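Participant: One structure, pasted below without further comment.
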Amino acid sequence: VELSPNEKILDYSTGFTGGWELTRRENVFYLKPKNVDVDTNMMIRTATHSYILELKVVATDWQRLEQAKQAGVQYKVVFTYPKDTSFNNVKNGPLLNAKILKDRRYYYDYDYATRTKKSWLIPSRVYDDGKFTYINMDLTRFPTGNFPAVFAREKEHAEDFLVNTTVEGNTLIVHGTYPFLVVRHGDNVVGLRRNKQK
Amino acid sequence: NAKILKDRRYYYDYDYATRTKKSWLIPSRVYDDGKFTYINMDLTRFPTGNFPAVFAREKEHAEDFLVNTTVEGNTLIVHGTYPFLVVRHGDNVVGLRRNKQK
Amino acid sequence: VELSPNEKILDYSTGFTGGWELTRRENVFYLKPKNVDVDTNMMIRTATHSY
Amino acid sequence: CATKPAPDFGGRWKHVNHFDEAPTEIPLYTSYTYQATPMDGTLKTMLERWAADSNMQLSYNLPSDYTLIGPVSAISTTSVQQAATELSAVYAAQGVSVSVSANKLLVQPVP
Amino acid sequence: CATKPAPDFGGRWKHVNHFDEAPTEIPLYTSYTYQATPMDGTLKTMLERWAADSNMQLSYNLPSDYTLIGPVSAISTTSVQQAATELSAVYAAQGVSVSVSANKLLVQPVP
Amino acid sequence: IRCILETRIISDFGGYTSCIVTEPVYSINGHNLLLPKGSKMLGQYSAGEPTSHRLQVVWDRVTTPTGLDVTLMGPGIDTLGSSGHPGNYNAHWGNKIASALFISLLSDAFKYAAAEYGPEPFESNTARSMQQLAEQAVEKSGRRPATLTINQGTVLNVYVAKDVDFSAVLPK
Amino acid sequence: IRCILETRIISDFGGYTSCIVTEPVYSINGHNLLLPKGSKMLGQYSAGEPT
Amino acid sequence: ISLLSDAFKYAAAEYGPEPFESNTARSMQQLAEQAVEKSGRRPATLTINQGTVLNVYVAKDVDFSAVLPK
């Protein structure tokens with residue numbers, strides 16, 4: 001039986017102790033009986049949980065280990081812990097999907113500004129789905145070391161801050177939609193304005 | 001209870017004041033049930049990082065203090081009714097007056 | 001049986017212990033039976049895997 | 001030499017809970033609009049996601065693939081037949097005809 | 001005496017998601033072009049990799065080997081017969097004739 | 001984890017902080033929402049003399065609106081990633097001067113009225129015994145530490161330093 | 001491993017850094033791609049007087 | 001604060017009997033010696049900006065053979 005790893009087990013007591021060989025390693029009890037009729041209870045009391053187990057013996061005469069499967073033994077017992085039902089009063093696939101879905105609203109209106117005219121740091125395509133900004137750089141093919149670090153900024157020439165990014169191939173995906181994105185690779189920098197919704 | 005109940009008295013009379021005209025920090029709907037103030041911000045949809053810290057204040061330009069808040073989605077719920085609420089997200093701030101009962 | 005070298009083995013327990021001579025060296029269990037009918041299970045629990 | 005406090009507000013005191021005067025009509029049952037995103041690069045990758053997003057089959061029968069151009073970004077229709085008509089008007093100079101045989105898309109050269 | 005910050009951008013604000021106006025035709029089914037790289041040094045090593053990259057056999061029947069020269073770098077053909085013709089026009093001064101007997105390459109002196 | 005501060009930090013005694021999360025924090029690959037938009041991060045710091053003009057907070061618990069209680073190890077960082085939160089340094093030179101100027105000037109009026117208006121220069125005793133109190137006001141007001149304050153709206157940032165596994169929580 | 005820095009390092013208290021890899025890193029003989037183009041390297045430093 | 005104690009010393013050396021040592025120039029020079037000691041305990045910094053191309057020397061072998069597809 002496997003309890004939660006979070007809480008420490010205070011105590012435990014089974015009835016008819018001399019018919020059950022059980023040892024514990026900090027949250028798991030390895031149970032095995034010793035005779036054919038040792039049916040009892042076992043009660044585990046942790047810091048915040050309380051378990052009442054009802055120990056049985058269902059396979060005793062088996063010669064082949066498939067016969068204990070059909071008799072109904074349980075190799076492992078694990079407990080799942082739900083959250084409180086007052087929070088349940090408060091799913092359709094993954095939230096980050098780099099393809100274009102049928103039922104998501106996209107915003108294809110972004111600019112770029114940089115000193116050099118034709119750079120290898122200019123993104124190919126930038127858009128978002130309302131929740132993630134999908135910077136795509138898979139047409140600046142030549143320099144193999146062309147992968148930047150993306151920051152974000154609330155005004156045009158304010159001080160930038162940090163974002164969480166995940167990447168899929170050549171697509172850099174930024175967690176969250178921002179007014180400005182800043183793309184740096186050393187001394188060369190490319191800004192990215194999201195244009196205002198008219 | 002963030003819904004509107006049959007047998008509770010609500011007060012829909014609140015103002016806002018801020019420097020910038022169209023900000024993403026202006027609340028959508030503010031009301032209360034006599035015991036909790038329900039700041040609602042679920043129509044300023046664009047900036048994903050738009051969630052403030054709510055303070056409260058006894059006069060208009062007095063010094064603000066701390067409140068207990070619980071949140072349900074995009075609704076920020078303030079434990080207690082106050083004359084003024086102050087809504088901060090860094091350098092930009094939005095005040096919230098409860099208008100006086102005529 | 002050879003487990004992953006990455007994780008540390010926390011504990012293990014086989015049913016019918018007195019019919020299996022098994023020793024471990026940090027990820028490998030050398031199993032040998034002792035009699036003709038010693039069929040059982042064995043459960044290994046590492047830090048993130050369960051066998 | 002003292003400490004600079006937090007910023008303070010100030011303004012006009014407009015009221016929050018404000019009804020408008022224009023009854024904006026929110027639709028309930030929204031169909032699928034055939035349109036051209038900037039993400040799908042070529043003509044074949046755009047029609048592979050019109051067939052996927054509408055449960056149809058694509059029979060691309062051209063020996064080569066064409067990239068998307070300027071006048072492609074004006075198609076916005078909830079009808080597949082009116083979108084295949086506006087597409088073939090754009091790619092008429094290269095001999096590309098796109099039609100729908102009532103369950104599938106056909107990309108064949110013009111007769 | 002203060003700290004120099006990071007570099008800052010500045011410019012024109014061109015727009016990213018830009019359709020073009022020229023429908024560049026991307027081919028789908030690309031054949032093998034017989035051509036002459038600078039890597040393979042001599043005439044024998046170039047024809048050993050034309051036979052290998054086309055599943056043919058090479059019968060090099062010359063007592064010596066010739067290096068590649070200037071006018072060799074103009075052959076670019078998806079046909080083996082037109083490339084063996086342009087090659088033998090180059091190496092005509094040394095009595096080198098290259099032909100294809102429909103399954104294999106023959107390098108023999110000119111009659 | 002970007003959060004905005006709620007409790008005004010002042011580095012005198014060392015206490016407890018609280019910042020409200022402002023942007024939702026997703027998984028390693030974005031398939032799930034881990035920390036929702038309005039969670040509270042909870043941290044604490046320790047008293048010290050602020051040599052550098054930064055304060056060091058260890059944020060160690062988040063309670064989400066969706067009913068969770070995580071216990072991460074996150075040292076607080078700058079909004080660009082520098083270790084330690086920057087504050088407003090204030091060495092209290094208004095109070096250190098005024099506590100020792102006023103009593104050292106009262107002993108200087110007694111010395112001037114005794115060097116002249118007296119025999120010969122004529123050392124006084126009230127200029128000596130009251131300069132002893134002025135040396136107590138320098139010693140006592142030199143034991144006061146400097147402060148640095150962080151205001152109640154500033155956008156902080158937290159670097160998580162160990163992995164947290166939400167797999168036993170998320171619905172299957 | 002060439003990476004570009006993401007967290008601005010300041011040597012006051014000693015903390016944690018993060019740099020995004022910029023060029024793909026192959027094997028000893030180039031048959032396999034080991035570290036892809038957009039990986040994150042994670043490091044830490046210690047406080048001291050910068051002599 | 002050392003210049004505020006230097007105005008008291010100049011107004012006492014002249015404009016006074018004889019030179020006339022002041023006490024406010026002595027007790028406030030004691031606060032100036034506290035401001036040297038306290039501001040000498042501050043360490044220097046060195047910053048590395050948020051875009052600089054770093055580089056990492058790997059110093060032990062890492063074996064990816066248990067990962068790559070066969």
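Just remember, in the structure tokens the first chain shown is A, the second B, etc., residues are 1-based per chain, and ligands are 1-based in the order shown.
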Could you please tell me, as a list in words, which residues of chain D have an atom within 8 Å of chain F when using only C-alpha atoms?
Facilitator: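 Putting it all together, I get residues 1, 2, 3, 4, 5 and 6 of chain D.
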Participant: Would you save the residues from that selection as an mmCIF file, in the first residue's frame, using C-alpha atoms?
Facilitator:
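Writing done, so here's result-v5.cif:
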data_model
loop_
_atom_site.group_PDB
_atom_site.id
_atom_site.type_symbol
_atom_site.label_atom_id
_atom_site.label_comp_id
_atom_site.auth_asym_id
_atom_site.auth_seq_id
_atom_site.Cartn_x
_atom_site.Cartn_y
_atom_site.Cartn_z
ATOM 1 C CA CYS D 1 17.225 62.849 1.407
ATOM 2 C CA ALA D 2 14.045 61.013 2.405
ATOM 3 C CA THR D 3 12.369 58.017 0.755
ATOM 4 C CA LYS D 4 10.309 58.397 -2.416
ATOM 5 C CA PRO D 5 6.820 56.932 -1.795
ATOM 6 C CA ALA D 6 4.569 54.924 -4.092
#
Participant: Which polymer residues have any atom within 6 Å of an atom of range 29-31 of chain F, counting only C-alpha atoms, with same-chain residues fewer than 3 positions away left out, as a list in words?
Facilitator: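 So the residues in contact are residues 94, 95, 96 and 166 of chain A; 26 of chain F.
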Participant: Taking the DSSP assignment computed from this structure's backbone, write out as JSON, numbers by chain all residues of chain A that belong to alpha helix (DSSP H).
Facilitator: {"A": [65, 66, 67, 68, 69, 70, 71, 85, 86, 87, 88]}
Participant: Given a cut-off of 8 Å, which residues of chain E touch chain D, counting only C-alpha atoms, written out as a ChimeraX atom specification?
Facilitator: /E:17-29
Participant: Can you check which parts of chain A lie within 7 Å of chain E? Per residue, the shortest pair of atoms and distance in Å to one decimal, counting only C-alpha atoms, sorted by chain and number, as JSON lines.
Facilitator:
{"residue": "A:108", "atom": "CA", "partner": "E:17", "partner_atom": "CA", "distance": 6.9}
{"residue": "A:110", "atom": "CA", "partner": "E:16", "partner_atom": "CA", "distance": 5.9}
{"residue": "A:111", "atom": "CA", "partner": "E:15", "partner_atom": "CA", "distance": 4.0}
{"residue": "A:112", "atom": "CA", "partner": "E:13", "partner_atom": "CA", "distance": 5.1}
{"residue": "A:113", "atom": "CA", "partner": "E:13", "partner_atom": "CA", "distance": 4.7}
{"residue": "A:114", "atom": "CA", "partner": "E:11", "partner_atom": "CA", "distance": 5.4}
{"residue": "A:115", "atom": "CA", "partner": "E:11", "partner_atom": "CA", "distance": 6.0}
{"residue": "A:124", "atom": "CA", "partner": "E:16", "partner_atom": "CA", "distance": 6.9}
{"residue": "A:125", "atom": "CA", "partner": "E:17", "partner_atom": "CA", "distance": 5.6}
{"residue": "A:126", "atom": "CA", "partner": "E:16", "partner_atom": "CA", "distance": 6.9}
{"residue": "A:187", "atom": "CA", "partner": "E:7", "partner_atom": "CA", "distance": 6.2}
{"residue": "A:189", "atom": "CA", "partner": "E:9", "partner_atom": "CA", "distance": 5.7}
{"residue": "A:190", "atom": "CA", "partner": "E:9", "partner_atom": "CA", "distance": 6.1}
{"residue": "A:191", "atom": "CA", "partner": "E:9", "partner_atom": "CA", "distance": 6.2}
Participant: Keeping only N, CA, C and O atoms, write the selected residues to a file as a PDB file, in the first residue's frame.
Facilitator:
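What landed in again_1.pdb:
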ATOM      1  N   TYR A 108      -2.536  38.417 -36.469  1.00  0.00           N
ATOM      2  CA  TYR A 108      -1.385  38.524 -37.362  1.00  0.00           C
ATOM      3  C   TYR A 108      -1.083  39.988 -37.663  1.00  0.00           C
ATOM      4  O   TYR A 108      -1.250  40.461 -38.784  1.00  0.00           O
ATOM      5  N   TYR A 110       2.055  42.382 -36.505  1.00  0.00           N
ATOM      6  CA  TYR A 110       3.279  42.624 -35.762  1.00  0.00           C
ATOM      7  C   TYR A 110       4.284  43.315 -36.665  1.00  0.00           C
ATOM      8  O   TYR A 110       4.303  43.091 -37.877  1.00  0.00           O
ATOM      9  N   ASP A 111       5.121  44.154 -36.070  1.00  0.00           N
ATOM     10  CA  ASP A 111       6.140  44.887 -36.800  1.00  0.00           C
ATOM     11  C   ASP A 111       7.518  44.496 -36.291  1.00  0.00           C
ATOM     12  O   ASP A 111       7.656  43.771 -35.309  1.00  0.00           O
ATOM     13  N   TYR A 112       8.552  44.984 -36.972  1.00  0.00           N
ATOM     14  CA  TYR A 112       9.917  44.795 -36.511  1.00  0.00           C
ATOM     15  C   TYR A 112      10.725  46.041 -36.830  1.00  0.00           C
ATOM     16  O   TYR A 112      10.475  46.715 -37.826  1.00  0.00           O
ATOM     17  N   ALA A 113      11.717  46.324 -35.993  1.00  0.00           N
ATOM     18  CA  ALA A 113      12.572  47.483 -36.183  1.00  0.00           C
ATOM     19  C   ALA A 113      13.992  47.134 -35.781  1.00  0.00           C
ATOM     20  O   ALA A 113      14.214  46.636 -34.677  1.00  0.00           O
ATOM     21  N   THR A 114      14.944  47.412 -36.666  1.00  0.00           N
ATOM     22  CA  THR A 114      16.346  47.115 -36.411  1.00  0.00           C
ATOM     23  C   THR A 114      17.213  48.020 -37.275  1.00  0.00           C
ATOM     24  O   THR A 114      16.749  48.586 -38.267  1.00  0.00           O
ATOM     25  N   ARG A 115      18.480  48.154 -36.874  1.00  0.00           N
ATOM     26  CA  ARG A 115      19.400  49.052 -37.567  1.00  0.00           C
ATOM     27  C   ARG A 115      19.778  48.509 -38.937  1.00  0.00           C
ATOM     28  O   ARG A 115      19.618  49.191 -39.954  1.00  0.00           O
ATOM     29  N   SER A 124      10.793  35.329 -39.050  1.00  0.00           N
ATOM     30  CA  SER A 124      10.044  35.056 -40.267  1.00  0.00           C
ATOM     31  C   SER A 124       8.575  35.404 -40.097  1.00  0.00           C
ATOM     32  O   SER A 124       8.001  36.134 -40.911  1.00  0.00           O
ATOM     33  N   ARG A 125       7.943  34.877 -39.051  1.00  0.00           N
ATOM     34  CA  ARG A 125       6.520  35.055 -38.798  1.00  0.00           C
ATOM     35  C   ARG A 125       6.301  35.192 -37.305  1.00  0.00           C
ATOM     36  O   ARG A 125       6.846  34.408 -36.529  1.00  0.00           O
ATOM     37  N   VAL A 126       5.521  36.188 -36.896  1.00  0.00           N
ATOM     38  CA  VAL A 126       5.176  36.396 -35.496  1.00  0.00           C
ATOM     39  C   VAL A 126       3.664  36.514 -35.409  1.00  0.00           C
ATOM     40  O   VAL A 126       3.058  37.267 -36.177  1.00  0.00           O
ATOM     41  N   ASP A 187      25.363  42.191 -29.686  1.00  0.00           N
ATOM     42  CA  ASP A 187      25.327  43.613 -29.991  1.00  0.00           C
ATOM     43  C   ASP A 187      24.198  43.996 -30.932  1.00  0.00           C
ATOM     44  O   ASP A 187      23.916  45.189 -31.075  1.00  0.00           O
ATOM     45  N   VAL A 189      20.121  43.760 -32.110  1.00  0.00           N
ATOM     46  CA  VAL A 189      18.845  43.690 -31.412  1.00  0.00           C
ATOM     47  C   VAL A 189      17.728  44.012 -32.402  1.00  0.00           C
ATOM     48  O   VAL A 189      17.903  44.830 -33.309  1.00  0.00           O
ATOM     49  N   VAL A 190      16.603  43.308 -32.276  1.00  0.00           N
ATOM     50  CA  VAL A 190      15.426  43.499 -33.116  1.00  0.00           C
ATOM     51  C   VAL A 190      14.224  43.682 -32.204  1.00  0.00           C
ATOM     52  O   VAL A 190      13.914  42.793 -31.405  1.00  0.00           O
ATOM     53  N   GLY A 191      13.545  44.819 -32.319  1.00  0.00           N
ATOM     54  CA  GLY A 191      12.322  45.029 -31.575  1.00  0.00           C
ATOM     55  C   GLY A 191      11.115  44.489 -32.311  1.00  0.00           C
ATOM     56  O   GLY A 191      11.170  44.252 -33.508  1.00  0.00           O
TER      57      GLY A 191
END
Participant: Near residue 102 in chain D, within 10 Å and counting only C-alpha atoms, which residues show up once chain neighbours fewer than 3 positions away are dropped, as a ChimeraX atom specification?
Facilitator: /D:56,80-81,99,105
Participant: Given a cut-off of 8 Å, which residues of chain B touch chain D, counting only C-alpha atoms, written out as a PyMOL selection string?
Facilitator: chain B and resi 12-19+27-30+91-95+97
Participant: Atoms to include: C-alpha atoms. Write the selected residues as a PDB file, in the first residue's frame.
Facilitator:
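Listing of selection-v1.pdb after writing:
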ATOM      1  CA  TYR B  12     -23.587  49.361  -7.888  1.00  0.00           C
ATOM      2  CA  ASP B  13     -22.132  52.829  -7.476  1.00  0.00           C
ATOM      3  CA  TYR B  14     -18.359  53.074  -7.889  1.00  0.00           C
ATOM      4  CA  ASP B  15     -15.995  55.390  -9.740  1.00  0.00           C
ATOM      5  CA  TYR B  16     -12.449  55.164 -11.058  1.00  0.00           C
ATOM      6  CA  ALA B  17      -9.682  57.711 -11.543  1.00  0.00           C
ATOM      7  CA  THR B  18      -6.372  57.286 -13.356  1.00  0.00           C
ATOM      8  CA  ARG B  19      -3.907  59.291 -15.434  1.00  0.00           C
ATOM      9  CA  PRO B  27     -11.719  47.263 -13.628  1.00  0.00           C
ATOM     10  CA  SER B  28     -14.657  46.058 -15.661  1.00  0.00           C
ATOM     11  CA  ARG B  29     -17.264  45.936 -12.875  1.00  0.00           C
ATOM     12  CA  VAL B  30     -17.032  46.827  -9.178  1.00  0.00           C
ATOM     13  CA  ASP B  91       4.128  52.683 -11.707  1.00  0.00           C
ATOM     14  CA  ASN B  92       0.474  52.809 -12.819  1.00  0.00           C
ATOM     15  CA  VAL B  93      -2.342  53.123 -10.292  1.00  0.00           C
ATOM     16  CA  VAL B  94      -6.161  53.261 -10.434  1.00  0.00           C
ATOM     17  CA  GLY B  95      -8.232  54.633  -7.573  1.00  0.00           C
ATOM     18  CA  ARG B  97     -14.277  55.645  -4.928  1.00  0.00           C
TER      19      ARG B  97
END
Participant: Which neighbours of range 13-21 of chain C fall inside 10 Å, counting only C-alpha atoms, when residues of the same chain fewer than 3 positions from it are skipped, and could you give them as a ChimeraX atom specification?
Facilitator: /A:23,30-32 /C:29-45
Participant: Run DSSP on the backbone of this structure and report the residues of chain D it assigns to strand (DSSP E or B), as a list in words.
Facilitator: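 Everything in chain D that counts as strand (DSSP E or B) is residues 14, 15, 34, 35, 42, 57, 58, 59, 60, 64, 65, 66, 67, 69, 76, 77, 97, 98, 99, 100, 104, 105, 106, 107 and 108 of chain D.
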Participant: Output C-alpha atoms of each residue in that selection to a file, as a PDB file, in the first residue's frame.
Facilitator:
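Dumped to result_7.pdb:
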ATOM      1  CA  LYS D  14     -15.534  58.492 -14.285  1.00  0.00           C
ATOM      2  CA  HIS D  15     -17.995  55.833 -13.156  1.00  0.00           C
ATOM      3  CA  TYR D  34     -12.313  29.815 -45.249  1.00  0.00           C
ATOM      4  CA  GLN D  35      -9.447  32.307 -45.172  1.00  0.00           C
ATOM      5  CA  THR D  42       2.484  27.650 -49.955  1.00  0.00           C
ATOM      6  CA  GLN D  57     -10.042  15.121 -49.191  1.00  0.00           C
ATOM      7  CA  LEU D  58      -7.316  16.915 -51.130  1.00  0.00           C
ATOM      8  CA  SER D  59      -6.229  15.719 -54.571  1.00  0.00           C
ATOM      9  CA  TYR D  60      -3.322  18.010 -55.430  1.00  0.00           C
ATOM     10  CA  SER D  64       4.986  21.827 -58.462  1.00  0.00           C
ATOM     11  CA  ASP D  65       3.887  24.048 -55.591  1.00  0.00           C
ATOM     12  CA  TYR D  66       3.215  27.795 -55.542  1.00  0.00           C
ATOM     13  CA  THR D  67       3.706  30.229 -52.688  1.00  0.00           C
ATOM     14  CA  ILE D  69       0.807  36.059 -52.872  1.00  0.00           C
ATOM     15  CA  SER D  76     -13.057  35.294 -46.165  1.00  0.00           C
ATOM     16  CA  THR D  77     -16.109  33.127 -46.789  1.00  0.00           C
ATOM     17  CA  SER D  97      -7.839  25.602 -61.239  1.00  0.00           C
ATOM     18  CA  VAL D  98      -9.283  24.620 -57.855  1.00  0.00           C
ATOM     19  CA  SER D  99     -12.783  23.151 -57.676  1.00  0.00           C
ATOM     20  CA  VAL D 100     -14.900  21.053 -55.313  1.00  0.00           C
ATOM     21  CA  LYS D 104     -13.272  16.711 -52.032  1.00  0.00           C
ATOM     22  CA  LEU D 105     -11.012  19.378 -53.508  1.00  0.00           C
ATOM     23  CA  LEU D 106      -9.451  19.055 -56.964  1.00  0.00           C
ATOM     24  CA  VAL D 107      -6.296  20.944 -57.941  1.00  0.00           C
ATOM     25  CA  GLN D 108      -5.767  20.385 -61.668  1.00  0.00           C
TER      26      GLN D 108
END
Participant: Give me the chain A side of the contact with chain B, cut-off 8 Å, one line per residue showing its nearest atom pair and distance in Å at one decimal, counting only C-alpha atoms, sorted by chain and residue number, as CSV.
Facilitator:
residue,atom,partner,partner_atom,distance
A:90,CA,B:72,CA,6.7
A:130,CA,B:46,CA,7.2
A:131,CA,B:48,CA,7.0
A:176,CA,B:48,CA,5.8
A:177,CA,B:47,CA,6.0
A:178,CA,B:47,CA,6.2
A:179,CA,B:47,CA,7.9
Participant: May I have a table of the residues of chain F lying at most 7 Å from chain G, giving each one's closest pair of atoms and their distance in Å to one decimal, counting only C-alpha atoms, ordered by chain and ascending residue number, as a Markdown table?
Facilitator:
| residue | atom | partner | partner_atom | distance |
| --- | --- | --- | --- | --- |
| F:80 | CA | G:8 | CA | 5.9 |
| F:81 | CA | G:7 | CA | 4.3 |
| F:82 | CA | G:9 | CA | 5.3 |
| F:83 | CA | G:15 | CA | 5.3 |
| F:84 | CA | G:13 | CA | 7.0 |
Participant: Compute the chain A side of the contact with chain G at 9 Å, counting only C-alpha atoms, and hand it back as a ChimeraX atom specification.
Facilitator: /A:144-151,162,166-170,172,184-186
Participant: Show which residues sit within 12 Å of range 127-131 of chain F, as an MDAnalysis selection string. Count only C-alpha atoms, and ignore same-chain residues fewer than 4 positions away.
Facilitator: (chainID F and resid 100:115 122:123 135:138) or (chainID H and resid 21:28)
Participant: Write the residues of the selection above to a file with N, CA, C and O atoms, as a compact mmCIF listing (two decimals), in the first residue's frame.
Facilitator:
# COMPACT_ATOMS: atom_id res chain seq x y z
N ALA F 100 23.32 65.47 17.42
CA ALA F 100 24.66 65.79 17.89
C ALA F 100 25.11 67.19 17.52
O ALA F 100 26.16 67.62 18.00
N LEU F 101 24.37 67.90 16.66
CA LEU F 101 24.70 69.29 16.40
C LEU F 101 24.20 70.18 17.52
O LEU F 101 24.89 71.12 17.93
N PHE F 102 23.00 69.91 18.03
CA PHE F 102 22.33 70.84 18.94
C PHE F 102 22.98 70.85 20.31
O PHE F 102 22.96 71.87 21.00
N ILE F 103 23.55 69.72 20.73
CA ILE F 103 24.17 69.70 22.06
C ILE F 103 25.66 70.03 21.96
O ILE F 103 26.26 70.48 22.94
N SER F 104 26.27 69.85 20.79
CA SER F 104 27.64 70.30 20.64
C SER F 104 27.71 71.80 20.40
O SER F 104 28.76 72.40 20.65
N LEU F 105 26.63 72.40 19.92
CA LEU F 105 26.61 73.85 19.76
C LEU F 105 26.24 74.54 21.07
O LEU F 105 26.58 75.71 21.26
N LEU F 106 25.58 73.83 21.98
CA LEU F 106 25.28 74.40 23.28
C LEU F 106 26.54 74.43 24.14
O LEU F 106 26.70 75.30 25.00
N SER F 107 27.45 73.49 23.90
CA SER F 107 28.73 73.52 24.59
C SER F 107 29.70 74.48 23.92
O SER F 107 30.74 74.82 24.49
N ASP F 108 29.39 74.92 22.70
CA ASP F 108 30.25 75.86 22.01
C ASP F 108 29.89 77.30 22.36
O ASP F 108 30.70 78.21 22.17
N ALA F 109 28.69 77.53 22.89
CA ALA F 109 28.35 78.85 23.40
C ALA F 109 29.02 79.10 24.74
O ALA F 109 29.34 80.24 25.09
N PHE F 110 29.22 78.03 25.52
CA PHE F 110 29.88 78.17 26.81
C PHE F 110 31.38 78.37 26.65
O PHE F 110 32.01 79.04 27.47
N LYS F 111 31.97 77.79 25.60
CA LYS F 111 33.40 77.96 25.38
C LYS F 111 33.71 79.35 24.84
O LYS F 111 34.75 79.93 25.18
N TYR F 112 32.82 79.91 24.02
CA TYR F 112 33.07 81.24 23.47
C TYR F 112 32.88 82.32 24.52
O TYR F 112 33.58 83.34 24.51
N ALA F 113 31.95 82.12 25.45
CA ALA F 113 31.74 83.09 26.52
C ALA F 113 32.78 82.98 27.63
O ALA F 113 32.76 83.79 28.56
N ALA F 114 33.68 82.00 27.56
CA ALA F 114 34.72 81.82 28.55
C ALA F 114 36.12 82.11 28.03
O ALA F 114 36.98 82.52 28.81
N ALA F 115 36.37 81.90 26.73
CA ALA F 115 37.66 82.25 26.15
C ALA F 115 37.85 83.76 26.16
O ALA F 115 38.86 84.27 26.65
N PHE F 122 40.83 81.17 29.26
CA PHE F 122 40.12 80.63 30.42
C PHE F 122 39.31 79.42 29.98
O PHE F 122 38.27 79.55 29.33
N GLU F 123 39.78 78.23 30.34
CA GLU F 123 39.05 77.01 30.04
C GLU F 123 37.85 76.88 30.96
O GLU F 123 37.96 77.07 32.17
N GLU F 135 29.60 63.55 22.79
CA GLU F 135 30.27 62.33 22.37
C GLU F 135 29.43 61.10 22.66
O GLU F 135 29.67 60.04 22.09
N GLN F 136 28.43 61.22 23.54
CA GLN F 136 27.48 60.13 23.72
C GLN F 136 26.45 60.13 22.60
O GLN F 136 25.94 59.07 22.22
N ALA F 137 26.11 61.31 22.08
CA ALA F 137 25.12 61.38 21.02
C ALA F 137 25.69 60.95 19.67
O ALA F 137 24.93 60.62 18.76
N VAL F 138 27.01 60.98 19.52
CA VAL F 138 27.62 60.44 18.31
C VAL F 138 27.68 58.92 18.39
O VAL F 138 27.39 58.22 17.41
N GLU H 21 39.67 76.78 18.83
CA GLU H 21 39.16 75.48 18.43
C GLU H 21 37.69 75.36 18.79
O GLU H 21 37.28 75.70 19.90
N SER H 22 36.89 74.88 17.85
CA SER H 22 35.47 74.68 18.07
C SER H 22 35.20 73.23 18.47
O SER H 22 36.06 72.36 18.35
N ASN H 23 33.99 72.98 18.96
CA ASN H 23 33.55 71.63 19.27
C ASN H 23 32.63 71.04 18.23
O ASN H 23 32.62 69.82 18.06
N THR H 24 31.85 71.86 17.54
CA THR H 24 30.99 71.34 16.49
C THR H 24 31.79 70.95 15.25
O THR H 24 31.30 70.19 14.42
N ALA H 25 33.01 71.46 15.12
CA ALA H 25 33.88 70.98 14.07
C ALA H 25 34.58 69.69 14.47
O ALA H 25 35.14 69.00 13.62
N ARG H 26 34.56 69.36 15.77
CA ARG H 26 35.17 68.11 16.21
C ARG H 26 34.15 66.98 16.27
O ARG H 26 34.44 65.87 15.85
N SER H 27 32.96 67.25 16.80
CA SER H 27 31.98 66.19 16.96
C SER H 27 31.34 65.80 15.63
O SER H 27 30.85 64.68 15.49
N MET H 28 31.36 66.70 14.65
CA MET H 28 30.80 66.38 13.34
C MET H 28 31.83 65.79 12.39
O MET H 28 31.47 65.06 11.47
Participant: Between CA of residue 194 in chain A and CA of residue 99 in chain A, measure the distance and give it in Å to one decimal.
Facilitator: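 Atom-to-atom, CA of residue 194 in chain A and CA of residue 99 in chain A are spaced 20.3 Å apart.
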Participant: Applying 12 Å and only C-alpha atoms, which residues near residue 32 in chain B remain after dropping the ones on its own chain fewer than 3 positions away? List them as a PyMOL selection string.
Facilitator: chain B and resi 1-5+8-14+29+35-40+76-83+98
Participant: Near range 43-48 of chain A, counting only C-alpha atoms, which residues have an atom at most 6 Å away, once you skip same-chain residues fewer than 5 positions from it, shown as an MDAnalysis selection string?
Facilitator: chainID A and resid 8:13
Participant: I need the residues from that last selection saved to file as a compact mmCIF listing (two decimals), in the first residue's frame (with C-alpha atoms), if you can.
Facilitator:
# COMPACT_ATOMS: atom_id res chain seq x y z
CA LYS A 8 4.75 11.60 7.79
CA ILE A 9 3.20 8.44 9.24
CA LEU A 10 2.66 8.81 12.98
CA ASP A 11 1.49 5.34 14.03
CA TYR A 12 -0.25 2.17 12.88
CA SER A 13 -1.81 -0.86 14.52
